[PDB]
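Colleague: Handing you this structure, nothing more for now.
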Amino acid sequence: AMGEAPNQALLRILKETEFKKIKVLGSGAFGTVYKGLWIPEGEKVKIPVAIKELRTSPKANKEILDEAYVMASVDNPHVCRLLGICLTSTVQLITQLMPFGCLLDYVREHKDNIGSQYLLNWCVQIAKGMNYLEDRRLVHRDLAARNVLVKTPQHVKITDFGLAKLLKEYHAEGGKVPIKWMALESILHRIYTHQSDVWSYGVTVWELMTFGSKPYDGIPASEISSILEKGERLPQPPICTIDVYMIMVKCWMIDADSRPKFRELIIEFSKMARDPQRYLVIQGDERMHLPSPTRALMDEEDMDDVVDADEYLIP
Ligand SMILES: */C(=C\C(=O)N1CCC[C@]1(C)C#Cc1cnccc1[C@H]1NC2=C(C(=O)NCC2)[C@@H]1Nc1cccc(Cl)c1OC)CN(C)C
Ligand SMILES: [Cl-]
Ligand SMILES: [Cl-]
């Protein structure tokens, strides 16, 4: 009779003249991502930003604006926030720059310097961001270590709302979908719920614990549903104690309602984060230390007025 409550999120249209120092950061199936500085006019601030483009066409602009709709409607420290959009021939999305990139690249590049505390804290933070999306009735549908960004080694956020839907279940209609992160009911019946996102969370945690191994490496996507139906799962990572591996296996149960809830994953990983060497066995753990605020990436002329997007709020 009333469906859902009104979505009073604000969508900010940002002037192209407010952006300086645009440089390409990287490209892929997600499109092209640039870095830059957003200098809102009449305000003495310089905000480091990332700008995404689907690498002009009508269908591309509709898809980027659905992602803008979802991201403008989310406000959580562990979820990427849309700062606004820029209306060039192709619509661009503006968000906070995450200078350490994605967690998939990060764990591969720094695998010898990552301790148990960081890994278990990232699990807590990803579960917090996903629990927030569940409170907002959003099913992400593309949770993976490539879609978790690193603001600092101590603070990660979930990104890429290209497949996200506002749901008891959601039913997809074709398109390319990442099979190796999907729950079995999603591969077979296109059923997507917060509990199918829990399965993707399990795979994401396995990616972190294996320092960026490819799930089911060398196995074609077409053979994954058969492997899962036979009861096969991703193997126990060498650093994982049975306590951590059991949590991953619970995420991959056939019965979606038997899987943990994101709020329970926050609790379990938070208890483990209090004594991280009891739960992850890493050769040379806790001597290693990754960077923290307490910004070389910035040019000297910008340093004084630089403000991170997390400290730039608007009424
Ligand atoms: C991931 C690597 C990775 O993402 N990299 C490494 C090279 C630079 C690039 C492409 C980046 C970035 C970046 C930086 N700051 C903030 C956001 C992003 C950004 N990266 C990705 C995003 C995404 O949506 N999909 C996946 C890659 C992402 N998001 C952005 C960017 C701009 C605006 C918006 Cl609103 C936003 O989020 C929607 C490793 N993978 C290649 C495996
Ligand atoms: Cl993929
Ligand atoms: Cl890869």
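How things are named: the first chain in the structure tokens is A, the next is B, and so on; residues count from 1 in each chain; ligands count from 1 in the order shown.
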Once you count only C-alpha atoms and all ligand atoms, what closest atom pair and distance in Å to one decimal does each residue of chain A within 10 Å of ligand 2 have, with rows by chain and rising residue number, as JSON lines?

Modeller:
```
{"residue": "A:29", "atom": "CA", "partner": "ligand 2", "partner_atom_place_in_ligand_line": "1 (Cl)", "distance": 9.2}
{"residue": "A:142", "atom": "CA", "partner": "ligand 2", "partner_atom_place_in_ligand_line": "1 (Cl)", "distance": 9.3}
{"residue": "A:144", "atom": "CA", "partner": "ligand 2", "partner_atom_place_in_ligand_line": "1 (Cl)", "distance": 8.9}
{"residue": "A:146", "atom": "CA", "partner": "ligand 2", "partner_atom_place_in_ligand_line": "1 (Cl)", "distance": 8.9}
{"residue": "A:176", "atom": "CA", "partner": "ligand 2", "partner_atom_place_in_ligand_line": "1 (Cl)", "distance": 9.2}
{"residue": "A:177", "atom": "CA", "partner": "ligand 2", "partner_atom_place_in_ligand_line": "1 (Cl)", "distance": 7.8}
{"residue": "A:178", "atom": "CA", "partner": "ligand 2", "partner_atom_place_in_ligand_line": "1 (Cl)", "distance": 4.9}
{"residue": "A:179", "atom": "CA", "partner": "ligand 2", "partner_atom_place_in_ligand_line": "1 (Cl)", "distance": 7.5}
{"residue": "A:180", "atom": "CA", "partner": "ligand 2", "partner_atom_place_in_ligand_line": "1 (Cl)", "distance": 7.4}
{"residue": "A:181", "atom": "CA", "partner": "ligand 2", "partner_atom_place_in_ligand_line": "1 (Cl)", "distance": 8.3}
{"residue": "A:214", "atom": "CA", "partner": "ligand 2", "partner_atom_place_in_ligand_line": "1 (Cl)", "distance": 9.5}
{"residue": "A:215", "atom": "CA", "partner": "ligand 2", "partner_atom_place_in_ligand_line": "1 (Cl)", "distance": 9.9}
{"residue": "A:221", "atom": "CA", "partner": "ligand 2", "partner_atom_place_in_ligand_line": "1 (Cl)", "distance": 9.5}
```

Colleague: Output the selection as an mmCIF file, in the first residue's frame - N, CA and C atoms for each residue.

Modeller:
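Result saved to part-v8.cif:
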```cif
data_model
loop_
_atom_site.group_PDB
_atom_site.id
_atom_site.type_symbol
_atom_site.label_atom_id
_atom_site.label_comp_id
_atom_site.auth_asym_id
_atom_site.auth_seq_id
_atom_site.Cartn_x
_atom_site.Cartn_y
_atom_site.Cartn_z
ATOM 1 N N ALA A 29 36.910 -3.704 -16.410
ATOM 2 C CA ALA A 29 35.482 -3.919 -16.679
ATOM 3 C C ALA A 29 34.598 -2.850 -15.992
ATOM 4 N N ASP A 142 27.744 -8.015 -5.578
ATOM 5 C CA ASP A 142 29.088 -8.088 -6.160
ATOM 6 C C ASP A 142 30.149 -7.902 -5.080
ATOM 7 N N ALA A 144 33.268 -8.729 -3.143
ATOM 8 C CA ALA A 144 34.528 -9.419 -3.458
ATOM 9 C C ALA A 144 35.683 -8.506 -2.986
ATOM 10 N N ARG A 146 38.127 -7.295 -4.671
ATOM 11 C CA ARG A 146 38.323 -6.250 -5.692
ATOM 12 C C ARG A 146 37.360 -5.052 -5.452
ATOM 13 N N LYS A 176 26.321 -10.486 -17.326
ATOM 14 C CA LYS A 176 27.502 -11.177 -16.795
ATOM 15 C C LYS A 176 27.500 -11.020 -15.262
ATOM 16 N N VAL A 177 27.615 -12.132 -14.513
ATOM 17 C CA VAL A 177 27.580 -12.103 -13.038
ATOM 18 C C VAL A 177 28.822 -12.889 -12.490
ATOM 19 N N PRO A 178 29.513 -12.419 -11.424
ATOM 20 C CA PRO A 178 30.712 -13.138 -10.941
ATOM 21 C C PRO A 178 30.389 -14.446 -10.204
ATOM 22 N N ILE A 179 30.321 -15.534 -10.971
ATOM 23 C CA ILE A 179 29.930 -16.862 -10.505
ATOM 24 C C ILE A 179 30.728 -17.367 -9.275
ATOM 25 N N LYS A 180 32.048 -17.170 -9.250
ATOM 26 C CA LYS A 180 32.897 -17.698 -8.176
ATOM 27 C C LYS A 180 32.693 -17.030 -6.796
ATOM 28 N N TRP A 181 31.884 -15.967 -6.717
ATOM 29 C CA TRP A 181 31.511 -15.301 -5.454
ATOM 30 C C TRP A 181 30.027 -15.479 -5.106
ATOM 31 N N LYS A 214 43.135 -16.643 -6.235
ATOM 32 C CA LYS A 214 41.957 -16.619 -7.086
ATOM 33 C C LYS A 214 41.047 -17.786 -6.647
ATOM 34 N N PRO A 215 39.749 -17.566 -6.318
ATOM 35 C CA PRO A 215 38.927 -18.705 -5.868
ATOM 36 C C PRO A 215 38.696 -19.694 -7.002
ATOM 37 N N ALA A 221 34.001 -21.180 -15.060
ATOM 38 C CA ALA A 221 32.786 -20.726 -14.376
ATOM 39 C C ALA A 221 31.602 -21.664 -14.583
#
```

Colleague: Identify, counting only C-alpha atoms and all ligand atoms, the protein, DNA and RNA residues located within 9 Å of ligand 1, and give them as a PyMOL selection string.

Modeller: chain A and resi 24-35+48-53+67-68+71+80-85+92-106+145-151+158-162

Colleague: With distances taken over only C-alpha atoms, which residue among A:15, A:259, A:46, A:194 lies nearest residue 301 (chain A)?

Modeller: A:46

Colleague: Per DSSP on the backbone, what are the helix (DSSP H, G or I) residues of region 64-207 of chain A, as a PyMOL selection string?

Modeller: chain A and resi 64-72+103-109+111-113+116-135+145-147+179-181+184-189+194-207

Colleague: Among region 139-281 of chain A, which ones does DSSP assign to strand (DSSP E or B) (computed from the backbone)? Answer as a PyMOL selection string.

Modeller: chain A and resi 139+148-152+155-158+165-166+170-171+191-192+240+280

Colleague: Could you tell me which of A:209, A:188, A:246, A:198 comes closest to residue 140 (chain A) if we count only C-alpha atoms?

Modeller: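 Going through A:209, A:188, A:246, A:198 one by one, the smallest distance to residue 140 (chain A) is for A:198.
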
Colleague: With only C-alpha atoms as the counted atoms, please give the residues lying no more than 10 Å from residue 287 (chain A), apart from itself and same-chain residues fewer than 5 positions off, as a PyMOL selection string.

Modeller: chain A and resi 113-115

Colleague: Could you dump the residues just selected with C-alpha atoms as a PDB file, in the first residue's frame?

Modeller:
```pdb
ATOM      1  CA  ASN A 113      53.755  -7.261   5.868  1.00  0.00           C
ATOM      2  CA  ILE A 114      50.070  -8.037   6.757  1.00  0.00           C
ATOM      3  CA  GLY A 115      49.405  -9.183  10.324  1.00  0.00           C
TER       4      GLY A 115
END
```

Colleague: Between A:8, A:213, A:193, A:283, single out the one closest to ligand 3, counting only C-alpha atoms and all ligand atoms.

Modeller: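 Smallest separation from ligand 3 among the options: A:213.
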
Colleague: Need the shell around region 228-240 of chain A: protein/DNA/RNA residues with any atom at most 12 Å away, counting only C-alpha atoms. Skip same-chain ones fewer than 4 positions apart. Format as JSON, numbers by chain?

Modeller: {"A": [111, 114, 115, 116, 119, 120, 179, 180, 181, 182, 183, 184, 185, 186, 187, 188, 199, 202, 203, 204, 205, 206, 207, 208, 209, 210, 211, 212, 213, 214, 215, 216, 217, 219, 221, 222, 223, 224, 244, 245, 246, 247, 248, 249, 250, 251, 252, 253, 254, 272, 276, 277, 278, 279, 280, 281, 282, 283, 284, 285]}

Colleague: Kindly give the distance, in Å, that separates CA of residue 189 (chain A) and CA of residue 262 (chain A), rounded to a single decimal.

Modeller: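 Between CA of residue 189 (chain A) and CA of residue 262 (chain A) the gap works out to 22.7 Å.
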
Colleague: Can you tell me, as a VMD selection string, what residues are no more than 7 Å from residue 19 (chain A) when counting only C-alpha atoms, ignoring any on the same chain fewer than 5 positions away?

Modeller: chain A and resid 36 to 39

Colleague: Output N, CA, C and O atoms for every residue in that selection, as a PDB file, in the first residue's frame.

Modeller:
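The resulting file, part.pdb, is reproduced below:
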```pdb
ATOM      1  N   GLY A  36      41.759  13.178  -8.648  1.00  0.00           N
ATOM      2  CA  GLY A  36      41.745  14.624  -8.806  1.00  0.00           C
ATOM      3  C   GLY A  36      41.452  15.333  -7.508  1.00  0.00           C
ATOM      4  O   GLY A  36      41.389  14.714  -6.443  1.00  0.00           O
ATOM      5  N   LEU A  37      41.288  16.635  -7.589  1.00  0.00           N
ATOM      6  CA  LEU A  37      40.946  17.452  -6.442  1.00  0.00           C
ATOM      7  C   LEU A  37      39.649  18.161  -6.745  1.00  0.00           C
ATOM      8  O   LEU A  37      39.538  18.804  -7.776  1.00  0.00           O
ATOM      9  N   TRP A  38      38.669  18.028  -5.857  1.00  0.00           N
ATOM     10  CA  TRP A  38      37.409  18.730  -5.962  1.00  0.00           C
ATOM     11  C   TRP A  38      37.536  19.926  -5.027  1.00  0.00           C
ATOM     12  O   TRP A  38      37.771  19.759  -3.842  1.00  0.00           O
ATOM     13  N   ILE A  39      37.419  21.118  -5.565  1.00  0.00           N
ATOM     14  CA  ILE A  39      37.544  22.362  -4.830  1.00  0.00           C
ATOM     15  C   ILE A  39      36.162  23.012  -4.900  1.00  0.00           C
ATOM     16  O   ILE A  39      35.897  23.702  -5.868  1.00  0.00           O
TER      17      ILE A  39
END
```

Colleague: Out of A:218, A:153, A:293, A:315, which residue has the shortest atom-to-atom distance to ligand 3 when counting only C-alpha atoms and all ligand atoms?

Modeller: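 Nearest to ligand 3: A:218.
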
Colleague: Using only C-alpha atoms and all ligand atoms, which residue out of A:195, A:243, A:295, A:108 lies closest to ligand 3?

Modeller: A:108

Colleague: Could you tell me how far CA of residue 6 (chain A) sits from CA of residue 201 (chain A), in Å to one decimal place?

Modeller: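 Between CA of residue 201 (chain A) and CA of residue 6 (chain A) the gap works out to 29.3 Å.
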